[PDB]
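A short write-up of the structure that comes next.
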Amino acid sequence: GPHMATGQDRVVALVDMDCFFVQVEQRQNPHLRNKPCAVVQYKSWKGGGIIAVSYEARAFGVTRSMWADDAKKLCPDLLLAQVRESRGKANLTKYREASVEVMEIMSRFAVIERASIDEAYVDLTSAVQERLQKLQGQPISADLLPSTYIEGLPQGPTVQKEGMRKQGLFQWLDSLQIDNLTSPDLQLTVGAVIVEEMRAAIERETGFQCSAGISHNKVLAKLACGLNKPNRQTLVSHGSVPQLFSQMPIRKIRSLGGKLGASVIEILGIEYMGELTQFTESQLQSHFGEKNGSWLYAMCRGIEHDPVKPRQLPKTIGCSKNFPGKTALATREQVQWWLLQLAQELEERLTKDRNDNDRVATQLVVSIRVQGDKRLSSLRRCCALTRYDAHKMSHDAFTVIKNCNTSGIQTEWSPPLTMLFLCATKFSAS
DNA sequence: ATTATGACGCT
DNA sequence: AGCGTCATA
Ligand SMILES: [Ca+2]
Ligand SMILES: [Mn+2]
């Protein structure tokens with residue numbers, strides 16, 4: 001009891017931009033602001049595929065991975081912004097550059113781990129200790145947490161949402177013991193103060209709104225972030241975990257949304273995260289392996305130790321294109337033309353990366369899919385990447401994959417290719 | 001005929 | 001190394 005770790009040593013936040021590609025387009029085009037709108041890629045096939053949706057549009061049932069023509073059936077007034085096309089393919093440069101804007105602001109506050117194009121983890125443990133010493137055991141005012149929800153509160157002995165938020169925050173702050181600098185609840189609270197400041201800086205300096213979660217580890221921070229979107233932040237305390245997890249579907253936890261999570265549910269005959277506490281660590285290891293079992297055993301108790309890695313930049317730079325249905329590449333020169341298109345975009349991004357970040361990729365990965373296959377990827381081969389030249393890279397890509405062709409005729413390609421992928425990897429300092 | 005990515009684990 | 005899993009706009 002004295003020695004049982006509680007996984008409360010760190011303060012971790014996850015900051016996630018609201019409807020990110022939509023906000024990027026709304027900043028650019030004021031006519032889209034405060035409207036049901038979505039971002040789409042391509043247009044010919046069923047109006048294009050939606051990849052981001054404003055909250056106004058979500059209210060009509062518009063979702064990601066919906067065709068625009070179908071979204072227009074739910075929301076006739078839906079406004080659409082198209083992803084840029086370059087060299088015959090969608091080009092995401094505008095959103096990658098907006099991502100860098102936000103990541104650079106966050107980095108002023110602390111070490112961040114880039115987790116996607118629109119979100120990053122923050123280890124706030126040191127920043128919190130410093131702010132605590134400035135504070136001199138002075139109470140934290142509700143005024144410093146103007147957009148913060150405390151998960152699980154209010155509780156016990158107003159019908160409007162902002163009213164409930166303040167009720168919960170007051171109960172939380174009323175309870176706090178600001179006298180103890182080592183108190184995990186106090187540490188989370190100060191972490192939340194800092195994240196309010198970070199989110200205010202992001203909005204001031206970019207125009208973009210975001211949500212955030214604050215907790216003691218990455219999984220809880222990610223879960224917290226989702227609880228009160230958009231434009232709000234949520235503090236999930238160690239103490240809030242039993243109630244939170246008691247009705248939390250297992251698939252909601254990061255890494256459990258796929259096959260492993262489905263197996264936890266099936267094998268154990270349970271539905272909610274909290275139900276995992278009734279198994280021994282060895283039981284969980286027996287079913288799910290040493291690593292997953294130990295992870296699950298601690299995670300269902302609110303404990304996880306995965307560090308926030310100090311990495312602000314992506315580890316790989318890749319370019320890919322699908323060729324679905326009848327557009328599949330059936331001739332050699334088709335294949336070679338697109339390999340060149342991909343390689344030209346890759347060269348452009350790599351050259352920019354080398355100048356910005358002082359590094360060079362050393363490996364080129366080539367991937368394809370074949371019609372009827374499998375699997376998102378059918379085949380993956382690597383070769384050396386020694387010069388940032390598209391023509392060399394595309395010639396090299398063709399070399400490592402040309403034996404995939406089962407056509408006796410070398411002018412034809414069989415089976416037709418439904419995907420091409422070029423990825424640069426293994427960066428070295430330059 | 002969601003598409004275009006990007007990280008990490010297994011063997 | 002090559003494959004598979006899981007994730008995000
Ligand atoms: Ca987001
Ligand atoms: Mn995200």
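Note on naming: letters A, B, ... go to the chains in the order of the sequence lines (proteins, then strands), and numbering restarts at 1 for each one. Values below: every heavy atom of this structure, side chains too, minus hydrogens, waters and symmetry copies.
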query = Can you tell if the side chain of A:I214 reaches within under 4.5 Å of the side chain of A:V236, non-hydrogen atoms only?
reply = no
task = With a 4.0 angstrom cut-off to heavy atoms of chain A, pull out the first and last contacting nucleotide of DNA chain C, in 5'-to-3' order.
result = C:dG2 to C:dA9
query = What's the CG-P distance between A:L92 and B:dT5, to the nearest Å?
reply = 5 Å
inquiry  = So A:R349, base contact, sugar-phosphate only, or nothing? Heavy-atom distance under 4.0 Å.
reply    = sugar-phosphate
query = Which whole number of Å gives the distance between the P atom of B:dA1 and that of C:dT8?
reply = 24 Å
ask   = Is A:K392 paired with A:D396 through a side-chain N to carboxylate O contact shorter than 4.0 Å?
value = yes
task = Identify the heavy atoms of A:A212 and A:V195 that sit nearest to each other, and give their distance.
result = CB-CG1, 3.6 Å
message = Output the rounded distance in Å from CZ (A:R96) to P (B:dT3).
response = 17 Å
query = Does any pair with a residue in residues 201-246 of chain A pass ring-ring contact (aromatic ring centres under 6.0 Å, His included), and if so which ones, sequence neighbours excluded?
reply = A:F20-A:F208
A:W295 side chain to A:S255 side chain, donor-acceptor N/O pair below 3.5 angstrom = no
ask   = Within this structure, what is the CZ-to-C1' distance between A:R369 and B:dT3, rounded to whole angstrom?
value = 12 Å
query = Any chance the side chains of A:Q363 and A:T425 put a donor and an acceptor closer than 3.5 Å?
reply = yes
key: Donor + acceptor pair across side chains of A:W413, A:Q334 (<3.5 Å)   = no
message = Could you check whether A:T6 and A:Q8, counting side-chain N and O atoms only, form a donor-acceptor pair closer than 3.5 Å?
response = yes
task = Please say whether more than 12 non-hydrogen atoms of neighbouring residues, nucleotides or ligands are located less than 6.0 Å from CG in A:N34.
result = no
message = So that I can compare with my own list, what are the stems of DNA chain B, taken as at least three consecutive Watson-Crick or G-U pairs with distances under 3.5 Å?
response = B:3-11 with C:1-9
query = Given atom CE of A:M419 and atom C1' of B:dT2, what is their separation to the nearest angstrom?
reply = 14 Å
inquiry  = For B:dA7 and A:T316 - does any side-chain N or O of the residue sit under 4.0 Å from the phosphate oxygens OP1/OP2?
reply    = yes
task = Examine B:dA1: is either OP1 or OP2 under 4.0 Å from a nitrogen or oxygen in the side chain of A:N322? Give yes or no.
result = no
Protein-nucleotide distance (A:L376, atom CG; B:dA7, atom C1'), rounded to Å = 16 Å
inquiry  = At 4.0 Å (heavy atoms only), tell me whether A:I317 reaches a base, stays on the sugar-phosphate, or touches nothing.
reply    = sugar-phosphate
message = Can you pull out the residues from residues 24-35 of chain A that lie within a 4.0 Å heavy-atom distance of DNA chain B?
response = none
Within residues 65-78 of chain A, residues whose heavy atoms come under 4.0 Å of DNA chain B = A:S65, A:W67
task = Using the test side-chain hydrogen bond (donor to acceptor under 3.5 Å, both in side chains), find all partners of A:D18 that sit at least two apart in sequence or belong to another chain.
result = A:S211, A:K229
message = Within the 4.0 Å heavy-atom criterion, would you say A:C319 contacts the bases, only the backbone, or no part of the nucleic acid?
response = sugar-phosphate
Modelled atom types, side-chain donor and acceptor of A:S294 and A:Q285, under 3.5 Å = yes
request  = Send over the distance from A:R64 CZ to B:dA4 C1', rounded to a whole Å.
outcome  = 12 Å
inquiry  = Tell me whether the rings of A:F21 and A:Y95 are parallel (<30°), tilted (30 to 60°) or perpendicular (>60°).
reply    = parallel
ask   = So what does A:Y95 touch, heavy atoms closer than 4.0 Å: a base, only the sugar-phosphate, or nothing?
value = nothing
query = Listed by chain and number, what are the side-chain hydrogen bond (donor to acceptor under 3.5 Å, both in side chains) partners of A:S86, not counting sequence neighbours?
reply = none
task = Can you sort out the partners of A:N29 under side chain to side chain contact (heavy atoms under 4.5 Å, CB included), two or more places apart, ordered by chain and number?
result = A:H31, A:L32
request  = Could you tell me whether A:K309 and A:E113 make a salt bridge, using a distance below 4.0 angstrom between a side-chain N and a carboxylate O?
outcome  = no
task = Check side-chain hydrogen bond (donor to acceptor under 3.5 Å, both in side chains) between A:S147 and all other residues, then give those that pass, not counting sequence neighbours.
result = A:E196, A:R199
request  = Please list, by residue number, the residues of residues 49-57 of chain A whose heavy atoms come closer than 4.0 Å to an atom of DNA chain C; answer none if no residue qualifies.
outcome  = A:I51, A:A52
request  = Could you tell me whether the phosphate oxygens of B:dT2, OP1 or OP2, come under 4.0 Å of any side-chain nitrogen or oxygen in A:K321?
outcome  = no
ask   = Does A:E345 come within less than 4.0 Å of A:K89, counting only side-chain N to carboxylate O?
value = yes
key: A:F60 six-ring face occupied by A:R58 cation (under 6.0 Å, within 45°)   = no
key: Residues A:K352, A:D356: salt bridge by 4.0 Å N-O rule   = yes
Residue pairs passing the side-chain hydrogen bond (donor to acceptor under 3.5 Å, both in side chains) test where at least one lies in residues 114-123 of chain A, sequence neighbours excluded = A:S116-A:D118, A:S116-A:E119, A:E119-A:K222, A:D123-A:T125
ask   = If each of A:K46 and A:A115 is mapped to the nucleotide of DNA chain B with the nearest heavy atom, which maps nearer the 5' terminus, i.e. the 5' end?
value = A:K46
Is there any protein nitrogen or oxygen under 3.5 Å from a nitrogen or oxygen in nucleotides 8-10 of chain B, and what are the pairs?
unit_1 : atom_1 : unit_2 : atom_2 : d
B:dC8  : OP1    : A:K309 : NZ     : 2.7
B:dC8  : OP1    : A:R311 : NH1    : 3.4
B:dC8  : OP2    : A:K315 : NZ     : 3.0

ask   = Within the structure shown, what part of the strands sits under 4.0 Å from A:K94 by heavy-atom distance: base, sugar-phosphate, or nothing?
value = nothing
key: Nucleotide B:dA7, atom P - distance to CZ of A:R380 in whole Å   = 12 Å
task = Report the distance from atom CZ of A:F421 to atom P of B:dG6, rounded to the nearest whole Å.
result = 7 Å
message = It should be established whether A:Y42 places a side-chain nitrogen or oxygen under 4.0 Å from OP1 or OP2 of nucleotide B:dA4.
response = yes
